[PDB]
Amino acid sequence: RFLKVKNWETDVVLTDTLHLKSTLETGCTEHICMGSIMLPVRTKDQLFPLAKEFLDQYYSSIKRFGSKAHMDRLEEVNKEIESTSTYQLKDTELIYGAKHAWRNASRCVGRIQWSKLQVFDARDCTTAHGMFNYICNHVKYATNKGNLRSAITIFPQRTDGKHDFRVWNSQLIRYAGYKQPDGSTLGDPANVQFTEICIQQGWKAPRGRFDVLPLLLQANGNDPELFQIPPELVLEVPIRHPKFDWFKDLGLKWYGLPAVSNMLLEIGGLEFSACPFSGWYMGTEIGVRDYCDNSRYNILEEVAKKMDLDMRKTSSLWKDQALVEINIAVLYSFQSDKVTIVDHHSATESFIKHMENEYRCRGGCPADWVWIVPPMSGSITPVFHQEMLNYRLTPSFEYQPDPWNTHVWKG
Amino acid sequence: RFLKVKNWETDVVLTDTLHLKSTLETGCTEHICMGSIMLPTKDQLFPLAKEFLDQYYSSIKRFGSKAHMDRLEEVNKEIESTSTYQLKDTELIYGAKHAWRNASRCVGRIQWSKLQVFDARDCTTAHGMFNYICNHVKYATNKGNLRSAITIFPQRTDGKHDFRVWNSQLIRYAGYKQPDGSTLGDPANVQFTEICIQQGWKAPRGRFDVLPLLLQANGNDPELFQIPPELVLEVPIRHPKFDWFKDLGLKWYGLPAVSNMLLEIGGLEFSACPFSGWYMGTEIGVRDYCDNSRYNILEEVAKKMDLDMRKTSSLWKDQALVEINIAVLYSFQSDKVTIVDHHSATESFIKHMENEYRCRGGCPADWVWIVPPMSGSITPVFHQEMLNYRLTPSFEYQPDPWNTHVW
Ligand code: HEM
Ligand code: HEM
Ligand SMILES: Cc1cc(N)nc(C[C@@H]2CNC[C@@H]2OCCN[C@H]2C[C@@H]2c2cccc(F)c2)c1
Ligand SMILES: Cc1cc(N)nc(C[C@@H]2CNC[C@@H]2OCCN[C@H]2C[C@@H]2c2cccc(F)c2)c1
Ligand SMILES: C[C@H](O)[C@H](O)[C@H]1CNc2nc(N)[nH]c(=O)c2N1
Ligand SMILES: C[C@H](O)[C@H](O)[C@H]1CNc2nc(N)[nH]c(=O)c2N1
Ligand SMILES: [Zn+2]
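So the sequence lines, in the order shown, correspond to chains B and A. Numbering-wise, the first sequence is residues 299 to 338, 348 to 718 according to PDB author numbering. Numbering-wise, the second sequence is residues 299 to 338, 350 to 716 according to PDB author numbering.
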């Protein structure tokens, strides 16, 4: 069966056959669409089919499907599963797997880059101090003095679910949030709870507006341990505006390296609960979301005040005006400092070319419109006009519950 | 079976039970989400009628009452013998208001209970349709103090005697493809304009020519009528700060009036049911003015503002977009023509959603349509989870008539 998607700006029609390989469920039914809902230990029984599906995909990709090497590997994994109840990936399979989880990530606008991913194999890691060392090396490699390189570091897979590796931070680099007695927040409101955990675990908080948080790292199901990323490894950009000289005195800065650390990587039924990955920012993530969400730095008012915009009516579009200026400043600042960043026009145009390519060579490209369309200037980007099909392919990145809710404290 | 929706800005959680009354299909399966796709007999009619009359009698607190059972009986008898039935005026009004209430793509539904319903089921000719439409246009416009209205022409019978407004909206601008190779006017209407010309319209061949109505009564060939120019309230677009803005020569009409949809009430199908409200400013300033396949004016405006157009990362498109939208709002407000900005409309929709959750058990909503086409995340709807499902009475999209019609 075939499914068509149309682009309402170009009239280009694409045909999806790849959705036929989709396994997992979406949350939607014939009677309800859950397209805007944010969140809509395995047996041997469920594991060998998943391993087999994966190895079939891997061997096809290398043009060796049905070969002796393919058949031998199937047998070897079969025997390993029956005897040890899990299995180990070869390095070449782990690489393929992590690249494909990115390629398959329907919420990711940056996927034109998927085949260029540095995979660091950290499956020999055993302790949190070892996790710390792996993560520093990741940060230093990815940062590359501002010439950012995509990378992922993969710690040991899940076993009984009692010995999990986890990075408790949601990203490797983020700013502390501090809830004040008067109810106001100092720093980033998104990280208040995690900041309190750090403090409880013994972190000495500087208590400013941009304190880089410490890593809280759990190895082998043990209680997590605190480490401070060497400040010389944390590249930051002070935010200034090309025309407005008062913009610098707002005191804003942001870090260069967006590094997601709370997701679960599934490859061939194995679960990598600690697999921090990083790319580079699209400007709007910082300028629109981090700075202007009401629940984050929330700087719209202060900027618009300083721009002397008419603020007595929403219909002057003061918020919209201030928003564009803040986003100009982020992009200017990163570019001026030679730190990799992409604007939302370039990123979305690249995504559309990626998606058309994928339709031709792969038969589809699952995409989540709700997430791919940027949070400002939606319809002046070509993705707004593009119909997309959302479905779940493996290998995949999945959300997992924050570890403080599930962790069995050892003491 | 009971579902939760969370607002990620406010942490407020709502529980949806209303979706269990949904019947029609979404196009989504457990394996594929089609959320971003624009278009995803006697026996069949009685359950549809029953479903509707039940909700109606419930709404007036008379469910299971003598008057309820009596109407159910009368409608059954009328279907059995005539193969259809006629709605009482009260039912027609209730059904139209509820088709709006159920419109998952409509951000303006806080307004749903204030809809003036014009019953045009006695209409028999295209000239009669023109009369009803001019009256609708004048009533809804109200000298710029706009009032929501729908005008409901006779229901489908054997489907070869359909009433249709061929126009996609009552008021739109013509588009003409040029020897230059480009498009003069609104590129969205090039096909309809040619059909108007080929049926006899004398086009002024300008950038902002109000299209004629093409009206089809009783399945006949459609006929042309010009809406009295004095009933079409238009707004010249100027800017509060930029004096050069007026020289682009832009204008738009005050009355958004959708006229190509099908109203389904209790299984009956109203194929001509033009309706109208008032604009959210982004529809004109973002979509009508700045879509690449529409008036596509970003480049001209950016140039007049002398922005750096060498690189996308200067955000020249984004700056010009805001200014265009400030101008649309300023112009309508100055000329005292009802308009709503996207901040105000989305704030009201969150309030409406909360009312609908507490009072009705939910509110079907299509996030892809509800979130405005600019500044998405600085409006509260961006952070609001929405469940999309189909309730009846409903408005449904129907295919352009020129494909269906035989002359
Ligand atoms: C290289 C440049 C990249 C850019 C510009 C980019 C852009 C983005 C953006 C804007 C989002 C939505 C983020 C949000 O709103 O929170 C996203 C999501 C995501 N991307 Fe990328 N991305 C890049 C690289 C990567 C890499 C290297 C990976 C993995 C190897 C990846 C996997 C993901 C996943 C799994 C999501 C969904 C995140 C979630 O559910 O929280 N991306 N991407
Ligand atoms: C009172 C002021 C109103 C406002 C501000 C408003 C707002 C909007 C907006 C912005 C859209 C999206 C339009 C588009 O992007 O093409 C829309 C869609 C829609 N609205 Fe409203 N609306 C109003 C009144 C009405 C009325 C009176 C009705 C019916 C009686 C209605 C029913 C619909 C329907 C069925 C759609 C989807 C149209 C389609 O699929 O093309 N609305 N509304
Ligand atoms: C409930 C929930 C579910 C889910 N799947 N993700 C989240 C995280 C939510 C989703 N938007 C806000 C918060 O993420 C902030 C982190 N953004 C980093 C991903 C972007 C990024 C950008 C560029 C390269 C990358 F590798 C990564 C929350
Ligand atoms: C393929 C297709 C399907 C569909 N359901 N609608 C369309 C119409 C497409 C969808 N967005 C653009 C085009 O409508 C422009 C009409 N805008 C008027 C509706 C808005 C409006 C606004 C305020 C009050 C109202 F009563 C009505 C096209
Ligand atoms: C409720 C809604 O799904 C939610 O706010 C989404 C909308 N789109 C998004 N898109 C991106 N890229 N990131 C997000 O966090 C969100 N949040
Ligand atoms: C493909 C995508 O569904 C399409 O471009 C949609 C997106 N959201 C929209 N939202 C509104 N209000 N109106 C539209 O016409 C559209 N177009
Ligand atoms: Zn869906």
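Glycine included, C-beta positions come from ideal geometry on N, C-alpha and C.
Among B:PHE691, B:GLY671, B:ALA674, whose alpha-carbon lies nearest the alpha-carbon of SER684 (chain A)? B:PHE691
Segment contact, 8 Å Cβ cut-off, at least three pairs: the region 565-572 of chain A with the region 478-489 of chain A: yes
Where does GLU608 (chain A) sit, in a helix, a strand or coil, going by DSSP? helix
Would you decide whether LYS452 (chain A) is buried or exposed? Buried here means 16 or more other CB atoms lie within 10 Å of its CB. exposed
Where does the unbroken alpha helix (DSSP H) through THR492 (chain B) begin, and where does it stop? Segment 492-494 is the beta strand (DSSP E) holding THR492 (chain B); no alpha helix (DSSP H) there.
If you measure beta-carbon to beta-carbon, which residues of the region 685-706 of chain B are closer than 7 Å to chain A? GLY685, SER686, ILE687, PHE691, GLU694, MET695, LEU696, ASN697, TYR698
Just to confirm, are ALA408 (chain A) and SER703 (chain A) a CB contact at a threshold of 8 Å? yes
Can you tell me the Cα-Cα spacing of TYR604 (chain B) and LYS612 (chain B), whole angstroms? 16 Å
Between A:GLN425, A:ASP467, A:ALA412, which lies nearest to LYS351 (chain A) when the distance is taken from Cα to Cα? A:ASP467
Looking only at its chain, what residues have a beta carbon closer than 7 Å to the beta carbon of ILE659 (chain B), apart from the 5 residues adjacent to it on each side? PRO689, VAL690, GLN693
For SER585 (chain A) and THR434 (chain A), the rounded distance between their alpha carbons: 22 Å
Per DSSP, what are the beta-bridge partners of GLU573 (chain B) in this structure? B:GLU578, B:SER703
Quick check on this structure: which residue in A:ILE369, A:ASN601, A:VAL610, A:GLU608 has the alpha carbon closest to the alpha carbon of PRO496 (chain A)? A:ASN601
Using a Cβ cut-off of 9 Å, pull out every chain B residue sitting near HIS661 (chain A), in sequence order please. By Cβ distance, chain B contributes nothing, its closest Cβ being about 17 Å from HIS661 (chain A), past 9 Å.
Does the count of Cβ pairs from the region 354-361 of chain B and the region 314-325 of chain A closer than 8 Å reach three? no
Close beta carbons around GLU307 (chain B), own chain, < 6 Å, minus the five adjacent residues each side: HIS692
Within the 8 Å Cβ cut-off, does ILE419 (chain B) reach chain A? no
According to DSSP, is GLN525 (chain A) part of a helix, a strand, or is it coil? strand
Given a threshold of 16 other Cβ atoms within 10 Å of its Cβ, counted over all protein chains shown, does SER491 (chain B) qualify as buried or as exposed? exposed
Proximity test, Cβ basis, 8 Å: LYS550 (chain A) and chain B: no
Determine, using beta carbons only, whether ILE546 (chain B) comes closer than 8 Å to chain A. no
Who are the neighbours of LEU638 (chain A) on chain B, taking C-beta pairs under 9 Å? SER622, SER623, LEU624
How long is the line joining the alpha carbons of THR460 (chain B) and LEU577 (chain B), rounded to whole angstroms? 16 Å
From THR502 (chain A) to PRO356 (chain B), what does the alpha carbon distance come to, in whole angstroms? 58 Å
Check whether chain B comes within 8 Å of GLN425 (chain A), counting only Cβ atoms and requiring the distance to be less than that. no
Pull out every residue of the region 668-679 of chain A whose Cβ sits closer than 7 Å to any Cβ of chain B, in chain order. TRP676, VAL677
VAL646 (chain A) CB to nearest heavy atom of ligand 6 below 7 Å: no
Secondary structure of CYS331 (chain B), DSSP reduced to three states: strand
Which class does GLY484 (chain B) belong to by DSSP, given the choice of helix, strand or coil? strand
I'd like to know whether the C-beta of residue 287 (chain A) is nearer than 8 Å to at least one C-beta of chain B. Beyond the ends of chain A as shown, which are 299 and 716, falls residue 287 (chain A); an answer cannot be given.
Can you find a heavy atom of ligand 1 that lies under 7 Å from the Cβ of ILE461 (chain B)? no
Start-to-end residues for the alpha helix (DSSP H) that takes in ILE593 (chain A): Here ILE593 (chain A) belongs to no alpha helix (DSSP H), and DSSP marks it neither H nor E.
So does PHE691 (chain B) have its beta carbon nearer than 7 Å to some heavy atom of ligand 2? no
Does the beta carbon of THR313 (chain A) sit closer than 8 Å to a beta carbon anywhere in chain B? no
By the 10 Å Cβ neighbour count, where 16 or more other Cβ atoms means buried, how is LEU337 (chain B) classified, buried or exposed? exposed
Please report the distance separating the alpha-carbon of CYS505 (chain B) from that of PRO710 (chain B). 13 Å
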